[PDB]
Ligand SMILES: Nc1ncnc2c1ncn2[C@@H]1O[C@H](COP(=O)(O)OP(=O)(O)O)[C@@H](O)[C@H]1O
Ligand SMILES: Nc1ncnc2c1ncn2[C@@H]1O[C@H](COP(=O)(O)OP(=O)(O)O)[C@@H](O)[C@H]1O
Ligand SMILES: Nc1ncnc2c1ncn2[C@@H]1O[C@H](COP(=O)(O)OP(=O)(O)O)[C@@H](O)[C@H]1O
Ligand SMILES: Nc1ncnc2c1ncn2[C@@H]1O[C@H](COP(=O)(O)OP(=O)(O)O)[C@@H](O)[C@H]1O
Ligand SMILES: [Mg+2]
Ligand SMILES: [Mg+2]
Ligand SMILES: [Mg+2]
Ligand SMILES: [Mg+2]
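Chains as they are written, first to last, in the deposited numbering: chain A, 79 to 231; chain B, 51 to 194; chain C, 462 to 535; chain D, 2 to 539; chain E, 424 to 528; chain F, 202 to 276, 281 to 289, 293 to 301; chain G, 2 to 526.
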């Protein structure tokens, strides 16, 4: 689960559930006097064919969808969470932030460096008052009360 | 009775709740809610606790039946939006230039505390302190 | 019943060459009925499923090889 | 400044282990919460789709059943308010025999709604008065909801159909077979005289062949073995003795005084001759079966074997009395031969083996008799115990039918009709008691709600459909459990019927228990004592 | 079970599959390969032959009726009845309550 | 201890019972106040029977000063929290 | 202390500490028992160590079942126990008045007044109050309506509304049935039998006897229409010789003859019973019932059943007198000379079964001087509560019949006595006027507690009552439904005169003794 979180960031529960179910069914097969080597070979073949079928048939290209695809993906990911119902606004905020932190690299590959979005928490008003700062937010204050608290340019 | 030997007389919700040590995490959540309300606006600390308790009771009423909590949460959020709309609808403006209106507002705020015996003095003290602490530098307004 | 209906829909999609639009039939958890999730807007990255499948397969294979455990006392 | 002393007065005079609760919050709400918890514990066993519960008491004895009274009995309930609810349930079981789960569910709903009424601002007295008024109104309405009457109790098919509903809640899968068996057993008993005895039905549990192999026998079965050589009699002439089959002795003190050689030589011969004469005198009356309640001497057994007499020994005097009723004989206190009137007759007495148990069977070929026995087969002792509990429920239902022949529709139809009528009455009642009356009416919703929850469907639309249909005027429409979706059907044609007395007594007892719990304002519990039970209960 | 709407079909098929434990256990105890013997038995019974079962000595299947492997029908009748009753009793139970012991000594 | 732990996040104030440690009867009867110190796994303070030098109604400042007499105690308010791969940012490249 | 010097392991309270301890205990008892007073009082729940449930409202039952280990509480409990044993009512009022007396006395004692002055004032006020109580009592011919009113004023305060309504008729009818003109009432003649199979409102009165046992022989008749009742105290079972008799035989025939001849003593008395039964009745319609205090062995039971005789064994000792008074026979300790004139008659005897226990009903007697009260209820605690309530009601009706007078209730007499004491206060010479005022204030606790329990406020209700009484002069009490003044006599709220007199005497005596205690010791070890 930790590795799935690190490399993808989503589906950390589905991976655990699928792994446990695979292990349970494989143990049932072994108890049916099927050698574990055959079960492992079959599992490898099945995983390879599942990946191939997914990449061949079930994928949907997002080029013809647009920003609505990103909004829907964010809303789907935010379901089952404390901010699930407020997805209509949270997904817009997420998409705006990700598009804001967008940068390009060599070979013309648009790379989106998440963890550059500084997430600040502060209890108080409702979740609808969560702010998307068009800049950067620091968890720091001025060193002394003498200095002004607002600089224009 | 403070654990270090002090004595606390109060009817403030946050002052009472901060002195209670609990083991159930739900009580910890409620105490944190009380502290949030106290820090954000400084008033209505017992009201938020009472409202949360009542809403959770009426939610348990449906949880006893076969209604999933997600439906209850969706209804609660719709209700919260409608409450905000109605509260803004029934609100009235205040002319902050009027000292009498501000004093009356502070009075209605402190009618429920022990200082209500000396209401005019406390209201004048609070209003004068807030007025003279008001600052505006570099196009930024603050109270602090 | 819900999973049986979903499996029937997907089997009909894979068998009938003219029903390739039924591949998107998923689950509508609010109404408890199958629903075309592509139209409903229920999406997730392909990388999520691919990586989850690969990692789960590798973990199951790793555990499946163990048939003897020796636990030395500390 | 670091410790709260006990307040002067009653707090300081309290004993070391005692507890004192007073007021609404710490007494009434706690009692209501405990009763609600008990109702929740028992709720999932309600209705045909109820689930059996494995209960292990303090003696490792295992009970698996969905009978509410049994579950409460085998539960170490400690909260006194829940204890009152348990006593109400047990009283309902003793009075009627069915409806204990109804009592718990109704009492829990009543107490929960009473807690709500107290919270919103009502007083205890007003709630109690409203509940009493609503209970009176319900008892007035109930006779108007009677749909049909038994109208015959000597028939087999009709009695089986009547008891099918009673024994459908327990053993939902196979209730027709048990209905037929219990109907036959009850019809054999219950002669032309209107009185019917529940005790006259006997249940014998023999392991081995599954519950579908059970049967009813017109007689008695004893898990014993014959003490003589004779093991089968075709024209039994049973003579029953409460005294041991031996030469009786003086009650003061027996001392054989020997003064000459002749007496010593002749004593044993005389004793044996006397015993032989007594046994031959008994046999000369035609009695080919002798039953005794005491020990059997070796000489008596010898002389009974010599004259081809079957010996059956019964340890329990209750078994002896039941056998006397079954055969029609008189338990002679002496060893005198039985007169023509004291001699019992049975059509066949023989030794048989069922499974691995040796039994002695007193069989009547006629379709009558004072006592009938149901032999229960099965693959588990617990399963046969559950079947016996179902048989007890069916027999109690038949007894109630003999008492009162009126029936009301089941499946919550009667409860929904009562709720609707009581709500209509309460809407026209001015004053503060209207809230209590409406809450009492709403408490009836817990029966169809529990049925729908156990059947696996949503209770909300079930209850809404029930209200819609009953507003349309159909008073016999209740829950339909033979459906995967919330649906209702007329249940007068479906045959699901509840006894009028059962509903009447269940409502009365549940209301009384709820009111009695509500009346309590202060609780003073003494320090618990780890004694070996009070002497009275043994 | 292949001739019913489908909710009971899966459960009756599970019952039929569960009935296969006896030949499988025989093969496992004998050191056979249970899967191959079960497949051969299934194929044979499907195409005819009521009394084809596990042949322990020959590591194969054979007509057990002509091999004089006879048991009374009562044995299997009672076994099925008791096993079904036990399974139904276990499945029906949903909650287990264990009271504290008395006189633990 | 509660006050000092509140005002000293680095410290890891903890308490134990005398019965759970199974100490000698003399400890249980005449050495009730025992403030053991573990700095790197060794004592730098073994204060036992601190009642005489602290009294019976001492407060937090008294204990703090008494411990600081021998140099035992080492020398802002965020909103709630700030902490949230290692790829930070880049431009064009 | 000196005792502590002599006995180190002794605890002692001296000087004002003794008064403080005693008054605190009394005030605690009063605070607990305040809610009991009046029909609007709250039921209390009492759970014993074994887990038995006790629902009650009595002051005495509560005091017994409170977990208290205080000496002053023990003193008050003893006073209440004596009150209940003699008069059967007024325990809660006893505790309330004692507590209020101590509180009002301390109100002056704390200001440097010696308790002796307060006690002298208490004695003077008690004398004046007794005189006023004699003056104010209502002497009435005790008809059925007045007894019904008294039974209501007791049971309604003890149990729920219609349950009290039924118990009133039951108690009054039973008392009138057993009462003989110009003779003391023997309450032992009202058997209180309880069964646990019906509702609480099914409690009724049977003009006869109910016995908790039935015929032990299954062949005996379960219902006899016209029965000759035979009440006997003769053993009908085998009994051994007192002097170690023993038997000696030489052959089986001799043993048989000795066995047959050893039962002749009992068989002779059974034969006498059978001969009397044959002589007295020669038709199947008339029945014979034998009720024996001693045991009956199976042989005698069989012999009696063969003659159609219903026999009950091991009857209660008092049941002999009860059956003699109800049926009208003669209890016999021997059958040496028994005659048909010694047989009682009952118009119906039937046997009722209930679970594992059997009951025998003996009804339709000619003029039963001993009746029975059948308590029916679904719970054991309900039966206990009804038993306590009917005990209180029986005592109340008996006291009302004994003393031809009756006192208005609802606290009207307390208000009138308080006014009379205040008026008489100037006549008392010295500083005992403070004690008189304290006594009047203590007497005023009853209307205060009644108003408090009813839900109103004590001060305004009490001043309304006092103003009404002063203006009109009538004995106006407290209306528990509205709080307005109301005449207790005109509505039927009656109190026992003997109960009030005992209250005054006992409360004054115990308060005077407690106030004069200046030291509590425990040095017996
Ligand atoms: N609105 C929706 N309707 C139907 N299915 C959904 C919806 N939203 C999410 N899902 C599905 O629920 C599954 C569980 O996702 P979730 O558990 O929240 O992610 P994670 O596994 O990272 O915790 C996903 O596979 C997704 O396909
Ligand atoms: N004179 C008054 N009349 C009626 N209600 C009042 C009055 N003064 C204050 N309140 C109410 O009391 C509440 C304030 O209670 P308070 O003790 O401040 O608790 P909290 O701090 O949680 O608001 C407010 O909701 C207000 O409506
Ligand atoms: N076939 C059926 N369909 C719908 N409801 C039924 C059916 N059979 C019985 N019931 C309902 O089940 C209830 C009986 O529940 P049960 O488990 O017997 O509790 P209790 O033993 O306390 O009466 C009855 O009220 C009846 O209406
Ligand atoms: N209907 C009524 N209205 C007003 N007062 C009443 C009424 N009934 C009884 N009382 C008063 O309430 C008191 C009841 O006290 P009670 O509970 O019987 O205490 P105890 O049992 O110690 O006598 C009586 O003194 C009586 O004067
Ligand atoms: Mg997710
Ligand atoms: Mg406020
Ligand atoms: Mg039932
Ligand atoms: Mg009284």
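Note that the Cβ used here is the ideal one computed from N, Cα and C, for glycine as well.
Beta-bridge pairing of residue i - partner residues as DSSP gives them
i	result
residue 189 (chain A)	A:181
residue 240 (chain D)	D:291
residue 521 (chain E)	D:57
residue 495 (chain G)	G:409
residue 40 (chain B)	No information on residue 40 (chain B) is available, as it lies outside the stretch 51 to 194 that chain B covers here.
residue 484 (chain G)	Looking at the DSSP assignment, residue 484 (chain G) forms no beta bridge with any residue, so it has no partner.
residue 359 (chain D)	D:354
Check: residue i C-beta below 6 Å from any heavy atom of ligand 2
i	result
residue 95 (chain B)	yes
residue 398 (chain D)	no
Near ligand 1: residue i beta-carbon under 6 Å from a heavy atom
i	result
residue 124 (chain B)	no
residue 154 (chain A)	yes
Proximity test, residue i beta-carbon vs ligand 5 heavy atom, cut-off 6 Å
i	result
residue 88 (chain A)	yes
Whole-angstrom C-beta distance between residue j and residue i, which should lie under 8 Å
i	j	result
residue 312 (chain D)	residue 302 (chain D)	7 Å
residue 72 (chain B)	residue 65 (chain B)	Rounded, the Cβ-Cβ distance is 16 Å, inconsistent with contact.
residue 488 (chain G)	residue 125 (chain G)	Actually they do not touch by this definition, with Cβ atoms about 30 Å apart.
residue 236 (chain G)	residue 295 (chain G)	4 Å
residue 89 (chain D)	residue 444 (chain D)	Not really, about 15 Å apart at Cβ, beyond 8 Å.
beta-carbon residue i near ligand 4 non-hydrogen atom, thresh 6 Å
i	result
residue 91 (chain G)	yes
residue 179 (chain B)	no
Contact test: residue i Cβ vs ligand 8 heavy atom, cutoff 6 Å
i	result
residue 429 (chain D)	no
Near ligand 3: residue i beta-carbon under 6 Å from a heavy atom
i	result
residue 481 (chain G)	no
Within-7 Å CB hit, residue i to chain J
i	result
residue 297 (chain F)	Among the protein chains in the structure shown, which are A, B, C, D, E, F and G, there is no chain J.
Problem - Residues within the region 169–185 of chain A neighbouring chain C, beta-carbon criterion of under 9 Å - result: Shown here is that no member of the region 169–185 of chain A has a Cβ falling below 9 Å from a Cβ of chain C.
Handout entry: Positions along the region 100–126 of chain B whose CB lies within less than 7 Å of some CB in chain A
Key = If the cut-off is 7 Å between Cβ atoms, the region 100–126 of chain B has 123 and 124 near chain A.
Practice task
Determine which residues of the region 53–74 of chain B have a Cβ less than 7 Å from any Cβ of chain D, and write them out in chain order.
Solution key: So the close ones are 55 and 57.
Exercise for the section: Mind checking the region 190–203 of chain A against chain F and listing, in chain order, the residues whose C-beta falls within less than 8 Å of any C-beta there? Expected result: Residues of the region 190–203 of chain A whose Cβ lies closer than 8 Å to any Cβ of chain F, in chain order: 191, 192, 193, 194, 196, 197, 198, 199, 200 and 201.
Practice task
Collect the residues with a C-beta less than 5 Å away from any heavy atom of ligand 7 and give them in sequence order along the chain.
Solution key: The set, ordered by position in the chain, is D:99 and D:170.
Exercise for the section: Closer than 9 Å, Cβ to Cβ, to anything on chain E: give me those residues from the region 52–63 of chain D, in chain order. Expected result: Answer set for the region 52–63 of chain D: 52, 53, 54, 55, 56, 57, 58, 59, 60 and 61.
Practice task
Pull out every residue of the region 102–117 of chain A whose Cβ sits closer than 7 Å to any Cβ of chain C, in chain order.
Solution key: So the list reads 104, 114 and 117, given in the order they occur along the chain.
Problem - Positions along the region 368–396 of chain D whose CB lies within less than 8 Å of some CB in chain E - result: So the close ones are 379, 380, 381, 383 and 384.
Problem - Cβ-based contacts, 9 Å cut-off: residues of the region 177–188 of chain B near chain A - result: Taking 9 Å as the Cβ-Cβ cut-off, the region 177–188 of chain B approaches chain A at 187 and 188, given in chain order.
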